[PDB]
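Protein chains in written order, with PDB author numbering: chain S, 610 to 660; chain Y, 712 to 761; chain R, 48 to 162, 166 to 684, 689 to 702, 709 to 810, 820 to 1033; chain W, 864 to 914; chain B, 559 to 609; chain H, 915 to 1015; chain D, 458 to 508; chain U, 255 to 305. All C-beta atoms in this analysis are idealised placements derived from N, C-alpha and C, irrespective of residue type, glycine included.
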Amino acid sequence: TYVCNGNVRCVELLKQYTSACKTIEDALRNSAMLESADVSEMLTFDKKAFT
Amino acid sequence: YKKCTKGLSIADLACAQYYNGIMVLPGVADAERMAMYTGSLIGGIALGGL
Amino acid sequence: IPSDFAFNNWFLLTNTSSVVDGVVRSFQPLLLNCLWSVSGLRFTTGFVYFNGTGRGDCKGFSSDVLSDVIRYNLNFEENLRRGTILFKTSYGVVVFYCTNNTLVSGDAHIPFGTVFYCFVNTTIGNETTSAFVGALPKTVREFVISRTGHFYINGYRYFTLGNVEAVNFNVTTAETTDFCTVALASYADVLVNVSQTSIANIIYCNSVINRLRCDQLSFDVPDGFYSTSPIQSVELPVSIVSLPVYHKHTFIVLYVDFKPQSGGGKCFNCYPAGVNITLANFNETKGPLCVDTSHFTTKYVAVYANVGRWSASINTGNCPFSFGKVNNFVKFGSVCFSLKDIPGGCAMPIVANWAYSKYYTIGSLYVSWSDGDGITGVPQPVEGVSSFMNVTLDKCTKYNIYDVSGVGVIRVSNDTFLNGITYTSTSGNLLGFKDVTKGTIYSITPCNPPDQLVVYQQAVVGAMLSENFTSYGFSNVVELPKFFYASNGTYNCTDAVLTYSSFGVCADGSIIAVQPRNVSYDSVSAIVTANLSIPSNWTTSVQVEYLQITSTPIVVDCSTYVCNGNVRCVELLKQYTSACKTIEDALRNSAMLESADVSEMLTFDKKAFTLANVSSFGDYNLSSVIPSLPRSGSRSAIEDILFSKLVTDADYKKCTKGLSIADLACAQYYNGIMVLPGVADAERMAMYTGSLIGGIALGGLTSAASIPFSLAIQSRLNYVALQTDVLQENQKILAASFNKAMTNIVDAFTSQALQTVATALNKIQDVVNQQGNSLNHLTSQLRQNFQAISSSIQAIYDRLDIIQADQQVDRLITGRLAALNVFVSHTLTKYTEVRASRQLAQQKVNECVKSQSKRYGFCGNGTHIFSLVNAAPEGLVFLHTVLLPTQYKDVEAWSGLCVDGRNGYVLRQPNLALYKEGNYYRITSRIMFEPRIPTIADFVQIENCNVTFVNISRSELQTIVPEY
Amino acid sequence: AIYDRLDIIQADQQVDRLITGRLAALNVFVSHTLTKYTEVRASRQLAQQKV
Amino acid sequence: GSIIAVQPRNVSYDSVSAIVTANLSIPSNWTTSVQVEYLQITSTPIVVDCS
Amino acid sequence: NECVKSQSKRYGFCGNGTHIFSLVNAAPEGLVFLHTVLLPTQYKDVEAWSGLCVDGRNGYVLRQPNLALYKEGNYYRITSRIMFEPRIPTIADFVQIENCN
Amino acid sequence: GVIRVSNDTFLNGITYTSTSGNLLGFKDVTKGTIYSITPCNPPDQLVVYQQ
Amino acid sequence: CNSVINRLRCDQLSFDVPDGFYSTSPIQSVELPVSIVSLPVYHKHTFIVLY
Ligand SMILES: *[C@@H]1O[C@H](CO)[C@@H](O[C@@H]2O[C@H](CO)[C@@H](O[C@@H]3O[C@H](CO[C@H]4O[C@H](CO)[C@@H](O)[C@H](O[C@H]5O[C@H](CO)[C@@H](O)[C@H](O)[C@@H]5O)[C@@H]4O)[C@@H](O)[C@H](O[C@H]4O[C@H](CO)[C@@H](O)[C@H](O)[C@@H]4O[C@H]4O[C@H](CO)[C@@H](O)[C@H](O)[C@@H]4O)[C@@H]3O)[C@H](O)[C@H]2NC(C)=O)[C@H](O)[C@H]1NC(C)=O
Ligand SMILES: *[C@@H]1O[C@H](CO)[C@@H](O[C@@H]2O[C@H](CO)[C@@H](O[C@@H]3O[C@H](CO)[C@@H](O)[C@H](O)[C@@H]3O)[C@H](O)[C@H]2NC(C)=O)[C@H](O)[C@H]1NC(C)=O
Ligand SMILES: *[C@@H]1O[C@H](CO)[C@@H](O)[C@H](O)[C@H]1NC(C)=O
Ligand SMILES: *[C@@H]1O[C@H](CO)[C@@H](O)[C@H](O)[C@H]1NC(C)=O
Ligand SMILES: *[C@@H]1O[C@H](CO)[C@@H](O)[C@H](O)[C@H]1NC(C)=O
Ligand SMILES: *[C@@H]1O[C@H](CO)[C@@H](O)[C@H](O)[C@H]1NC(C)=O
Ligand SMILES: *[C@@H]1O[C@H](CO)[C@@H](O)[C@H](O)[C@H]1NC(C)=O
Ligand SMILES: *[C@@H]1O[C@H](CO)[C@@H](O)[C@H](O)[C@H]1NC(C)=O
Ligand SMILES: *[C@@H]1O[C@H](CO)[C@@H](O)[C@H](O)[C@H]1NC(C)=O
Ligand SMILES: *[C@@H]1O[C@H](CO)[C@@H](O)[C@H](O)[C@H]1NC(C)=O
Ligand SMILES: *[C@@H]1O[C@H](CO)[C@@H](O)[C@H](O)[C@H]1NC(C)=O
Ligand SMILES: *[C@@H]1O[C@H](CO)[C@@H](O)[C@H](O)[C@H]1NC(C)=O
Ligand SMILES: *[C@@H]1O[C@H](CO)[C@@H](O)[C@H](O)[C@H]1NC(C)=O
Ligand SMILES: *[C@@H]1O[C@H](CO)[C@@H](O)[C@H](O)[C@H]1NC(C)=O
Ligand SMILES: *[C@@H]1O[C@H](CO)[C@@H](O)[C@H](O)[C@H]1NC(C)=O
Ligand SMILES: *[C@@H]1O[C@H](CO)[C@@H](O)[C@H](O)[C@H]1NC(C)=O
Ligand SMILES: *[C@@H]1O[C@H](CO)[C@@H](O)[C@H](O)[C@H]1NC(C)=O
Ligand SMILES: *[C@@H]1O[C@H](CO)[C@@H](O)[C@H](O)[C@H]1NC(C)=O
Ligand SMILES: *[C@@H]1O[C@H](CO)[C@@H](O)[C@H](O)[C@H]1NC(C)=O
Ligand SMILES: *[C@@H]1O[C@H](CO)[C@@H](O)[C@H](O)[C@H]1NC(C)=O
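Okay, structure coming up:
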């Protein structure tokens, strides 16, 4: 999306360099999921506290 | 963005981001649980093991 | 294709040098059409005409299709069978001679199996030429040739031909079991895993799962959220919106005259061609032409149907614009093309084809231009009426509005938008345009919004979409507010097997409102009358952590890494030493700094050495974590499993000799990336981890031996609170839970605890990925030449004389030093971050491990008992045993009662609280139900008695509290 | 518009120098995201550590 | 110039032990040793005019 | 503001041992400190009991973790876990426990 | 560099190159034997003491 | 700049280089016979000449 902009040809050429990009987007994705895990872990909910 | 790719309004800046692929994820501390949490703790300030 | 098919005879096909032991997605002719079983192929093999006439079974799926490719895989023993090879092709016949004997004619047999002067006669037109066999194949196990004519034998294609019609495998077979099969097949796209010259398996890229998996460049992609854009690329009508103007005729035209010399093989004397420009009339006074007005038009006309095998075309000369698309909404000003050559303009190459054998290059009119807005091109020849503004709204469209091209659906919008004709976004893509005729406006909605989808258990169930639609094989795909959720499976919403920050997902695909982990913690409260709950029966749960503690030390020689051993590059580099010298000095001193720091942390105790003995643990059977007993010499199961998973340190001295091909790490020495032996190398690192791990059950003592562990742990916990129990069942149940965490969690290697270990494992694999792709990012920045002709400095010297050699050499070194400073600055950011995390790790091993902190939320998410520790790839891992609430214990608590007399009690220290279990009073802790005997040492006097409080005199206080 | 301007071969040439530069800036951005992650990690430690 | 197997700094620290019958060692006669530290506390403020 | 003003109760923080106080000066764009500290130089032998409980229903456990008895002679003294200081024995640090071994 | 005789089938292809792109070894056309390439000038690390 | 010490010191662009570990590649640059490995093909005469 960010580089092809929806272009099929740019997609085909990009795919051969996936390893770099795939690594990039995997890093940011896993780190997003990591930090989301971390926050969710911090997140707690109490029925006593609600009221 | 699902609701801004239709309708009679010109898309907002954030919607333009979806169009360009900068998918801004809904915030981890989205309003619902974030508020439930901030509330749970803020009540935990005057609430103790009881 | 069968699964588990060994296909050992089949092989990979590579244009360039073959890779080893890697997985790559690629296009291969793998859509097998007809097996065409050999069935003992005899001397009269037969001719294939690119047809399904194959003597074979179709194996169900992919039964029969137009056969696009023919291959000759060979399955036979190491035997010589008399044979000949004859090739039939459109150009003409090809015959192959050979002679096993040294004589050129010799004996006309191609060697079969392992292994001669052979020749080939190729007749083209009426001319016959002879080709030398040259190199003799050791053994041919798979042969291949295409229609397009590419020929690869196990890769490294020697050449490629024009095309072919038929073939014959003129092999006389003495053996009855000559072959199993020899087939025809068709192209496809697949992926390939080959290891150490042996293929493992492949994955067709058909399903959604297999599609994304192919994109993952692996097998069995793990569960998670991934982005897909499945929008159909099928061409659709494209609406045009334009600005009103009466179109003057500004369309370029062309003519050509190609003398028709025979386009067959025999073009010994073949004529050239002369083209005459048809764009406009030329007066030789002024060479350049002009534009009548600012209008959109361009066309190309030519005649090429003059020869049997001829095509004439132009690609691009020295100017960017590609002729023939000039009409595709291009805008220029006063380009003023001229046939006669003039400066400041590009030229265009013209070429003629004769079956690709020879290119009859000619040069047509060079094209000149000026930067402007007037000249323009439209695919339609005439737009003079100026009422043509094609418009499709809801359908997918391609659009050009006022020279802006995009793809999407036009949505009618009603807004004044009086500022200007059009508005573009921050990126620059137009959002909407107001119509010239009436002031109405149309927004542009993107045609192909990106889609997010979820795969679970190697299956895609559920997808996050913007449309209310069921796109799955299951039954129901519900809707949602402000956003939609796609899962075609039924919704019983029994329970959620997946959890994201803003949603939850059932095993069946039912969506659930994100529910945060429900936890009921207990916090201290002021002296009050209430019914209270204390944690009583705990069992221990390992909460695994991973701590970065160093980074892999790396040193780079300026000369090695940039010169590559080149003396000339060394001489030029030396003048810029100050920068590089500063760089390598910084990284070197910082390496020595961090090595000093670790060594300073490193300690060794003779008392501790022995403490790794298995006798100390007793019933605990910690064993796995226990450092192994010295094997008649002067390492734990987890560290070993982790090492066994080190997939995806030695001395290069021993790999620059020997019969083995060098390993990847050895290649690093060759390229000058001298990876230093790890500071915490195995020897002292292990001696240290052992010394401390024994220091956990070893305290300041005269001897160097162990103490019974059962009495020993009691002390670490006492730091948190005074144990008044004698018989510790918790020990044995925490051992059963601990070793069950090791059984199960170590099986996970090879309960929220499981989430913790999943996080830690993902963290270690993260740090291994980040280091791998860091140095791979470096060695790929060496794989790329910023501006050079090529990356090889040597080959550059071959290519170039000194002066311009130095020019591209130093632009290379400037870019390499730039990336190198980037890398050393990432090393410095890694140093400051590994310094913070060293502070923290060093800060917790010496505290939490040695003496439980009084800070809850630090280590253990509750009352903490002690922590284990081991080594890990470039980091530490700990196992903080802790005490948490499992069963609460009811109690009643008074409101800090003051005695009726002037005596009245307030708290002597905040961490205790009375309660009334019965007539007698006991003062259990705020962190356990331990029944501390009541005692005066914790009392205080306060006058003001609230009658609502205890009724006791100072005398029977002794009968109430056993103060003395 | 580059595809409109260009035939495949040199189209791929300017396309891939584009993507090389875009991936370069993109790695710059993901590395600033990683520096932001390590810093927001320190400050998460501290915030989480004070609440 | 003789090479030696890296020996880490030998140190015999003392850590607390649970109530037990044993012969124990307490530090008695100390003399003070300065352990110098250096702490970054600011950075050299710099301003640049675009023009 | 901490270690300098009031010695931390965290060993391994400042001084690599028992810490006494810290000096401070300025430096190019930074600070430098001189953390005076107390470290082991000469150990002092002692004998320590296994948290003995009295024969009567009275029996002793530790009132706070940082001390330890020892038997220097017939009389008992309760030196700290961080020094050989001879704290006079005292009831303020005692507790009762029935089970006598 | 110096060519070192190597004995391995290496049946995948004629030649193999490293991650950098420098060839590691090549198999002979005549007989299937292969030769590894060992770097001519390995970098050296040296220590200076008391000048 | 004759001795090893004075050689590295000249590279240090200073005097009395402090004690430490430094990288040197002293391999002789003297020209040596260079072996050639090639792919079998009967060479047609494709050599440019000049007058
Ligand atoms: C080693 O080097 C050699 C060269 O020395 C490489 O060989 C080349 O490889 C490329 C692909 O990497 C080949 O291009 C492909 O040609 C395929 C054959 O199709 C031919 O006929 C069809 C129908 O008439 C034409 O459309 C093709 O292309 C022609 O027309 C297009 C129009 O745009 C022109 O641009 C071309 O110049 C031609 O004039 C061919 O003549 C062809 O099927 C294939 O197309 C698929 O892949 C592309 C890219 O993804 C898609 O855009 C296209 O839609 C097809 O993709 C789908 O098609 C299949 C059909 O089964 C569907 O099932 C799937 O959905 C699939 O995704 C492409 O055009 C090139 O021809 C070839 N050179 C020669 C002469 O053989 C090797 O690849 C290389 N190997 C290594 C190891 O790198
Ligand atoms: C590519 O191939 C497989 C995935 O299917 C992975 O490597 C292969 O793993 C199999 C496991 O069955 C190995 O088979 C075993 O090899 C050992 C070693 O000789 C042998 O003792 C056993 O009897 C069994 O045959 C196979 O050798 C191995 N192939 C390799 C290493 O090339 C690998 O993960 C796959 N690649 C990826 C990353 O997809
Ligand atoms: C055989 O191949 C030829 C092409 O040479 C084709 O014309 C014919 O249709 C094929 N026959 C069958 C039965 O497929
Ligand atoms: C096969 O080759 C033999 C000799 O090599 C020849 O006698 C025979 O005619 C050939 N047959 C065909 C069908 O080419
Ligand atoms: C080509 O074939 C002819 C006869 O078919 C033969 O005389 C000639 O020697 C062949 N060319 C060679 C062997 O190079
Ligand atoms: C080829 O056929 C032979 C029979 O001669 C058989 O032994 C061998 O297994 C086959 N090779 C395969 C299936 O790869
Ligand atoms: C444009 O409009 C005309 C008439 O409505 C039609 O003939 C033509 O096909 C249309 N073309 C496109 C691309 O919309
Ligand atoms: C085209 O070619 C013919 C003959 O080759 C010539 O008479 C004519 O002037 C040329 N140009 C145009 C624009 O017709
Ligand atoms: C969503 O799609 C379903 C499927 O047909 C349809 O019944 C429903 O009316 C649609 N709702 C909206 C708001 O588009
Ligand atoms: C799920 O819902 C379907 C349809 O309402 C129902 O038939 C089925 O019994 C339900 N299953 C469970 C486990 O609730
Ligand atoms: C969290 O809340 C639900 C709501 O009633 C309750 O059933 C459950 O006991 C709580 N969680 C656990 C693990 O007990
Ligand atoms: C809970 O407290 C009330 C008074 O606050 C008391 O009467 C009751 O007995 C307590 N609960 C139990 C189980 O004793
Ligand atoms: C729970 O605690 C009580 C109190 O000591 C004990 O009697 C009981 O056996 C414990 N139960 C378990 C399962 O540990
Ligand atoms: C470990 O201790 C046991 C008993 O404490 C003893 O039998 C054994 O010899 C010890 N290990 C070694 C290596 O001596
Ligand atoms: C625990 O002890 C038993 C017997 O001593 C032994 O068989 C078992 O292997 C030990 N546990 C582990 C994990 O080795
Ligand atoms: C003290 O006791 C009185 C009853 O006489 C009551 O009204 C008041 O709330 C109490 N105040 C406290 C407990 O602070
Ligand atoms: C460290 O160990 C050696 C080994 O016997 C010992 O001689 C020495 O006393 C220790 N180090 C110091 C500084 O005392
Ligand atoms: C060491 O302890 C033993 C008993 O554990 C004791 O007999 C001995 O006297 C102690 N050492 C000294 C020097 O008193
Ligand atoms: C060591 O400590 C003892 C105990 O006070 C003291 O008498 C002796 O003088 C001290 N020695 C030194 C050198 O400080
Ligand atoms: C190449 O080989 C020939 C014969 O072995 C010899 O005359 C020539 O000098 C050699 N040259 C090189 C550069 O090895």
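7 Å Cβ cutoff met for residue i and residue j
i: residue 652(S); j: residue 954(R); result: no
i: residue 944(R); j: residue 724(R); result: no
i: residue 602(R); j: residue 732(R); result: no
i: residue 268(U); j: residue 607(R); result: no
Inter-residue Cα distance where the pair is residue i and residue j
i: residue 921(R); j: residue 617(S); result: 59 Å
i: residue 680(R); j: residue 940(R); result: 18 Å
i: residue 506(R); j: residue 827(R); result: 16 Å
i: residue 303(R); j: residue 319(R); result: 31 Å
i: residue 1057(R); j: residue 161(R); result: Outside the displayed span of chain R (48 to 1033) sits residue 1057(R), for which this structure offers no information.
i: residue 489(D); j: residue 287(U); result: 25 Å
i: residue 634(R); j: residue 285(R); result: 56 Å
Test: residue i CB closer than 7 Å to a CB of chain D
i: residue 292(U); result: no
i: residue 268(U); result: no
Proximity test, Cβ basis, 7 Å: residue i and chain U
i: residue 74(R); result: no
Closer than 7 Å to chain Y by CB, residue i
i: residue 236(R); result: no
Within-7 Å CB hit, residue i to chain R
i: residue 277(U); result: yes
i: residue 617(S); result: yes
For residue j and residue i, believed in contact at Cβ under 8 Å, the rounded distance
i: residue 851(R); j: residue 860(R); result: 7 Å
i: residue 759(R); j: residue 573(B); result: 5 Å
i: residue 347(R); j: residue 428(R); result: 5 Å
Per DSSP, cross-strand counterpart(s) of residue i
i: residue 484(D); result: 491(D)
Residue i at chain B interface by Cβ criterion, 7 Å
i: residue 922(H); result: no
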